[PDB]
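Asks: Take the sequence shown: its letters are residues 0 to 203, 218 to 235, 245 to 266, numbered as in the authors' numbering.
Note that the Cβ used here is the ideal one computed from N, Cα and C, for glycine as well.
For reference, the structure I am asking about is given below.
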Amino acid sequence: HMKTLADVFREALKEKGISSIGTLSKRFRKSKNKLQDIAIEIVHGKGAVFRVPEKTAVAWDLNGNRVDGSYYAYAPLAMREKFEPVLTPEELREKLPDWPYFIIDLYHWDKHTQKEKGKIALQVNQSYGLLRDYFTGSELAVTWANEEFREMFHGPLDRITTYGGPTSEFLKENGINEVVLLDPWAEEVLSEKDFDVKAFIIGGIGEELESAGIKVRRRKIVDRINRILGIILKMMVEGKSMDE
Numbered sequence: 000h001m002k003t004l005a006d007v008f009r010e011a012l013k014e015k016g017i018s019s020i021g022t023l024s025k026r027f028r029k030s031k032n033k034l035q036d037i038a039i040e041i042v043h044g045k046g047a048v049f050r051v052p053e054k055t056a057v058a059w060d061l062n063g064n065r066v067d068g069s070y071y072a073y074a075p076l077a078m079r080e081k082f083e084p085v086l087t088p089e090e091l092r093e094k095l096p097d098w099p100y101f102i103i104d105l106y107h108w109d110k111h112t113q114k115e116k117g118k119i120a121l122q123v124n125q126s127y128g129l130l131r132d133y134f135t136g137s138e139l140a141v142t143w144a145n146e147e148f149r150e151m152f153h154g155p156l157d158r159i160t161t162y163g164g165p166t167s168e169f170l171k172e173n174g175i176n177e178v179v180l181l182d183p184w185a186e187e188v189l190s191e192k193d194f195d196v197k198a199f200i201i202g203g218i219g220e221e222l223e224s225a226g227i228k229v230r231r232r233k234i235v245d246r247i248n249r250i251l252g253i254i255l256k257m258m259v260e261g262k263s264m265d266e
């Protein structure tokens with residue numbers, strides 16, 4: 000039921016009458032979802048879709064299938080002054096739906112060993128990788144972000160949401176008064192009825222939030247932060263039951 004970035008990008012292209020798109024930067028070789036990867040570059044301001052004077056050597060239709068070349072192609076903004084812009088970073092941003100935040104809370108960080116800190120940092124990087132395959136990647140939010148985590152984290156800090164303060168203040172800054180807290184000892188299993196909530200806390218407390226005025230839905234999954251997230255995204259986006 001929930002749209003992906005590629006769905007939003009496809010519908011934006013279809014709305015403008017564009018049936019296939021090529022690329023001028025060779026940075027998309029070995030790509031599972033071409034439209035998702037193109038949309039990611041655009042939504043982060045790296046380039047746009049342009050009309051080009053000559054047909055590309057190859058293109059992909061709106062289903063991602065390789066077709067003959069197109070008169071429309073992605074290019075970086077470093078090649079902007081030449082061609083007609085057709086789908087800009089600004090146009091695509093305005094069509095994004097209000098996707099939920101996925102929060103990794105880093106209070107308790109200084110309580111882990113150095114090996115466990117490394118495992119956490121890797122899992123947060125893998126969680127960003129998942130979210131940039133479905134949404135923009137900016138839905139990943141790390142609260143209580145410290146410099147040690149930033150040194151250990153090897154992903155793009157400019158694309159994930161990082162917050163120096165507590166989870167409750169991050170939520171209040173963003174007008175979120177109700178969250179799902181992934182808890183393995185919760186009595187209620189996560190279900191489709193929980194997918195209207197605007198934030199999911201997937202890593203890292219519940220009492221802390223509730224004393225701060227946040228409604229907390231304790232929900233369990235039937245482990246690694248990125249595994250948890252991947253299960254949630256398959257439920258929300260692909261409509262799959264938890265058995266997947």
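State the Cα-Cα distance for the pair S167 and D104, rounded to the nearest angstrom.
Replies: Roughly 10 Å separates the two Cα atoms.
Asks: Find out if the Cβ-Cβ distance for the pair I119, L139 is shorter than 7 Å.
Replies: Against a cut-off of 7 Å, the Cβ pair of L139 and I119 comes out as no contact.
Asks: If you pair each beta-carbon of the region 16-23 with each one of the region 98-116, do three or more pairs fall below 8 Å?
Replies: Contact between the region 16-23 and the region 98-116 is absent, because fewer than three Cβ pairs lie under 8 Å.
Asks: For the pair the region 86-97 and the region 52-66, tell me if three or more CB-CB distances fall below 8 Å.
Replies: No: fewer than three Cβ pairs fall under 8 Å.
Asks: Please confirm whether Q35 and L4 have their CB atoms less than 7 Å apart.
Replies: In this structure, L4 lies closer than 7 Å to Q35 by Cβ.
Asks: Between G202 and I102, what straight-line distance do the alpha-carbon atoms span, to the nearest angstrom?
Replies: In a straight line, the C-alpha of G202 is about 7 Å away from that of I102.
Asks: Terminal residues of the continuous alpha helix (DSSP H) containing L91?
Replies: Here the alpha helix (DSSP H) through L91 covers 88-92.
Asks: Pick out whichever of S18, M258, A38, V7 has its Cα sitting closest to the Cα of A198.
Replies: Among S18, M258, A38, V7, the Cα nearest to that of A198 is on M258.
Asks: Does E10 pass the burial test, meaning 16 or more other C-beta atoms within 10 Å, or should it be called exposed?
Replies: Exposed, by the Cβ-count rule.
Asks: Check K116 in the structure and name its three-state DSSP category.
Replies: Three-state DSSP puts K116 in a helix.
Asks: Which residues in the same chain have their Cβ closer than 8 Å to the Cβ of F82, if we skip the five residues on either side of it in sequence?
Replies: Within the same chain, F82 has close Cβ partners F49, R50, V51, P52, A74.
Asks: Can you tell me where the beta strand (DSSP E) with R149 in it begins and where it stops?
Replies: From DSSP, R149 is part of no beta strand (DSSP E) but of the alpha helix (DSSP H) over 146-151.
Asks: Can you tell me whether DSSP reads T55 as helix, strand or coil?
Replies: Reduced to three states, the DSSP call for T55 is coil.
Asks: Would you kindly work out how many angstroms separate the C-alpha atoms of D97 and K256, rounded to a whole number?
Replies: Computed Cα separation, rounded: 18 Å.
Asks: Under 7 Å between the Cβ atoms of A185 and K233?
Replies: Yes, the pair counts as a contact, with Cβ atoms nearer than the cut-off.
Asks: For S224, report the span of its alpha helix (DSSP H) as first-last.
Replies: Unbroken alpha helix (DSSP H) run through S224: 219-224.
Asks: Roughly how many angstroms lie between the CA atoms of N176 and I39, to the nearest whole one?
Replies: Each residue's alpha carbon lies about 29 Å from the other.
Asks: To the nearest angstrom, how far is the alpha carbon of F169 from that of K13?
Replies: Cα-Cα distance, rounded: 36 Å.
Asks: Can the beta-carbon of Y127 be found less than 7 Å from the beta-carbon of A144?
Replies: For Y127 and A144, no; Cβs fall outside 7 Å.
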